[PDB]
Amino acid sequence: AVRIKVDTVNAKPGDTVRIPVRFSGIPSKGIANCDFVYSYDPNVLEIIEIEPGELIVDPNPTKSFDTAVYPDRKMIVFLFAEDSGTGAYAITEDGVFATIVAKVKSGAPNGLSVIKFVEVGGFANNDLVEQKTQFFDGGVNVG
């Protein structure tokens, strides 16, 4: 199974923090596409940007990777679909899939603001066979 984990990072109100989303157990046949959703607390974290991680091998990262943030529904949607169409830009190793850049609101309480796994859609290898996954939560420990 591929393991997906959002880091838990420490920050102080006002800080702009980077929260890696890591993949481990990436199969030999790679990951051609994957999409999933995590929830967050928009009253504590303002999502600034979500950067393609080192695992995105496409020369034009944004062609293979995208995210959509919906503050009202409190969700972050991750979308990866290797752009070559031949499997060429498939993820082939463990590492950082994306980096959430979020600002901790100035009046945020101390303690953990959770970034929780909500749902996975597809998560397939270069044979387009669905892979088993195990998703883990993360967030920001405000101090």
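Position 1 is the first residue in the sequence shown; the rest follow in order.
A summary of the deposited B-factors shows that, of 1 to 9 and 132 to 140, the stretch with the larger mean C-alpha value is 1 to 9. For the pair 12 to 20 and 117 to 125, the mean B factor over Cα atoms is greater in 12 to 20. Among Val77, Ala32, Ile56, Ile48, the highest C-alpha B-factor in the deposited entry belongs to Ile48.
In the PDB entry, the Cα temperature factor peaks, among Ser39, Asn60, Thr92, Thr67, at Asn60. The entry lists a Cα temperature factor for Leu112 that places it in the highest third of the chain's modelled residues.
Annotation for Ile100: CA B-factor lies in the middle third of the chain's modelled residues.
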